[PDB]
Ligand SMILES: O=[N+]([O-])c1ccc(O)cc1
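Below, in structure tokens: the form deposited without ligand NPO, a single chain.
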């Protein structure tokens, strides 16, 4: 998964991520709530006010209206209730034995000159008996005195701040200077409750993300090394620690995220700075109104241009990245997967296709994941391999080719093929999967798409020209009484079956159980499904399709004109080819994908070509 952390499993890493996000949102106390709601309702026509940037960098005072920044009057209670829902309650100064200042919200403040406006939330998670089990540390970083942020032009202010993070270890030492003593009290409190460093989660966004990286850098040497094994998840940080401890999560188009190289200012800091970084998720796009807009992108992309900060805002981090957490595709992803998150305003969503524009970024590699919203989305996949997720709402999908999985989710969903029905083949396993194969052989596996739209250059059946809507039914695609039939198939059961293809060629659907699929001399498509399936070509130009937890399969009679297709399988790093997954066991080539495998019986690995083995 994209948010895998240390050697935690996929699932444990997701839970940690969700907690990091929750405490990070809490640290802002709904600063951007009113703004986000205005954007969601109206779009980004009016851009982003400098006051919001200075609020993010310098903090505020506090709960109320600031010019440019609509204020949700319930900001505070909403934020507290949300962090409590996530399992967290602020820990009091009294509980920590902390002699210093906390405010009305329970927020802790920085300790030394230059840091006295820096903020941190210290939170506890408890079991059902009320025993402390986890401590959360959410940094809300600030740049220094607020009053400095308006002494120059906003661009000059940002430029100067970036340039000052690196010299004399400013960024590195930030948390030691701001919170050195408080963190000693946290150690004692943790120990008094039987917790160790591994029970502490450290997070924060923006300059709070800078703070997360600082604490990680200092954790080996300060506080007796107590926090060396703590969990560090930083959002939208301009910096990266020199440790291997921090998961640096951000949107690719967020101009703050990865602005510095470690903490070093480079020639890319005020432009596009999308070079891969080991600690960072490098290819998660916030598909928002700015990213989508020709007008908004006329000027060169730069952190010094305030409108670009739309992609830095925390509400879209929380909402967008939680949708990644919830995705049916989550377990297919890895740290540097290309993931496009639908983050459009309501007006833009109505007529803008969510797609990988690859704007202001290095060329994307590997499969692409596009994650919709709970409203009606227009989602466009590219000519490569795509995983498109509509979620709730009535979603419309387009896709440019290749091998794809398209999940309609709840609602009445549509796949618009933009070409004649005559150029496609359609198959259906009776288990909810509708397979669409294009004229070039690309296959989309679709679920919960009940309507197919085609574009007809002539009168289909002598009746319908231009856009034609077909209903997906058990007997084929229907337009009134007209039917486009599914390709010849043999369907099994969820037990062990032997299925035999006819000479003309069949889709063979084994479904669950350990199946025995006997192809014929014709061109067959083998879908063994779950279980350990034995699949025999029988001759012809055959396709073997593998999706999900597909088991340990054996393929007999594989020749050069046959094809393996791995689509929605485990262990695929961006742009992997078959060699990354291949080995010889005796006389057979074995291809491994996580815990699943395909054995090509009596095939030497050196005889294989990438053209015959599709890895999506």
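Residue numbers count along the first chain shown, from 1. Shifts are known only where both forms have a C-alpha. Heads up, when I say rigid core I mean the largest set of C-alphas that superpose within 1.5 Å between the two forms.
A.B. asks: Indicate yes or no: is residue 140 absent from the model in at least a third of the other PDB entries of this protein that were compared?
C.D. replies: In all of the other entries, residue 140 has coordinates.
A.B. asks: Can you check if residue 407 is missing its coordinates in at least one third of the other PDB entries compared, counting only those that model the residues either side of it?
C.D. replies: No: coordinates for residue 407 present in every compared entry.
A.B. asks: As stated in the PDB record, which stretch has the larger average Cα B-factor, 60 to 68 or 46 to 54?
C.D. replies: Stretch with the higher mean C-alpha B-factor: 60 to 68.
A.B. asks: Averaging CA B factors per stretch from the PDB record, which one is higher: 339 to 347 or 139 to 147?
C.D. replies: Result of the comparison: 139 to 147.
A.B. asks: Between 330, 109, 265, 387, let me know which has the highest C-alpha B-factor in the entry?
C.D. replies: That would be 265.
A.B. asks: Highest Cα temperature factor in the entry, among the options 309, 459, 317, 287: which one is it?
C.D. replies: Comparing C-alpha B-factors across 309, 459, 317, 287, the top value belongs to 459.
A.B. asks: Is the Cα B-factor recorded for residue 165 in the lowest, middle or highest third of its chain?
C.D. replies: For residue 165, the deposited C-alpha B-factor lands in the highest third.
A.B. asks: Rank-wise, by C-alpha B-factor, drop residue 464 into the lowest, middle or highest third of its chain.
C.D. replies: Highest third of the chain for residue 464's C-alpha B-factor.
A.B. asks: Comparing against every modelled residue in the chain, figure out the third that the C-alpha B-factor of residue 205 lands in (lowest, middle or highest).
C.D. replies: For residue 205, whose C-alpha B-factor we compare with every modelled residue in the chain, the answer is the lowest third.
A.B. asks: By its CA B factor, does residue 281 count among the lowest, middle or highest third of the modelled residues in the chain?
C.D. replies: Tercile = lowest for this residue's CA B-factor.
A.B. asks: Determine, from the deposited record, the chain-internal third of the Cα B-factor for residue 234: lowest, middle or highest.
C.D. replies: Ranked within chain, residue 234 CA B lands in the lowest tercile.
Heads up, the form solved in complex with ligand NPO isn't pictured, but that's what we're talking about next.
A.B. asks: Would you mind picking the one in 314, 409, 442, 90 that has a heavy atom within 4.5 Å of ligand NPO in the bound PDB entry?
C.D. replies: The residue from 314, 409, 442, 90 that makes the contact is 314.
A.B. asks: Is residue 46 close to ligand NPO in the bound PDB entry, meaning a heavy atom pair under 4.5 Å apart or at it?
C.D. replies: Because no heavy atom of residue 46 falls inside 4.5 Å of ligand NPO in the bound PDB entry, the answer is no.
A.B. asks: Applying a 4.5 Å heavy atom distance criterion, does residue 65 contact ligand NPO in the bound PDB entry?
C.D. replies: Residue 65: contacts ligand NPO in the bound PDB entry.
A.B. asks: Answer for residue 555 alone: is it within 4.5 Å of ligand NPO in the bound PDB entry, judged on heavy atom distances?
C.D. replies: No, residue 555 sits far enough from ligand NPO in the bound PDB entry that none of its heavy atoms falls within 4.5 Å.
A.B. asks: Considering non-hydrogen atoms and a 4.5 Å limit, does ligand NPO approach residue 55 in the bound PDB entry?
C.D. replies: Within the cut-off, so yes.
A.B. asks: Tell me which of 38 to 46, 585 to 593, 24 to 32, 569 to 577 has residues with heavy atoms within 4.5 angstroms of ligand NPO in the bound PDB entry?
C.D. replies: Going by heavy atoms within 4.5 Å, the stretch is 24 to 32.
A.B. asks: Would you indicate which listed residue, out of 572, 36, 55, 565, moves its Cα by 2 Å or more between this form and the one not shown relative to the superposed core?
C.D. replies: Just 55.
A.B. asks: Using the core for the fit, does the CA position of residue 439 change by 2 Å or more between this form and the one not shown?
C.D. replies: No: residue 439 shifts by under 2 Å between this form and the one not shown.
A.B. asks: Honestly, after the rigid core fit, is residue 67 moving at least 2 Å at Cα between this form and the one not shown?
C.D. replies: Comparing forms between this form and the one not shown, the residue 67 CA shifts at least 2 Å.
A.B. asks: Is there a C-alpha shift of 2 Å or more at residue 146 between this form and the one not shown once the rigid core is superposed?
C.D. replies: Yes; that C-alpha moves by at least 2 Å between this form and the one not shown.
A.B. asks: Against the shown form, C-alpha atoms of residue 265 and residue 59 in the bound PDB entry: closer or farther, for a change of 3 Å or more?
C.D. replies: Note: Cα gap between residue 265 and residue 59 widens in the bound PDB entry.
A.B. asks: Looking in the bound PDB entry, are the Cα atoms of residue 57 and residue 34 closer together or farther apart than here, the change being 3 Å or more?
C.D. replies: Compared with the form shown here, the C-alpha atoms of residue 57 and residue 34 sit closer together in the bound PDB entry, by 3 Å or more.
A.B. asks: Spell out which consecutive segments of 3+ residues have Cα shifts of at least 2 angstroms at every position between this form and the one not shown, with the rigid core used for superposition.
C.D. replies: Listed in sequence order, the moving runs between this form and the one not shown are 45 to 73, 141 to 160, 162 to 168, 458 to 465.
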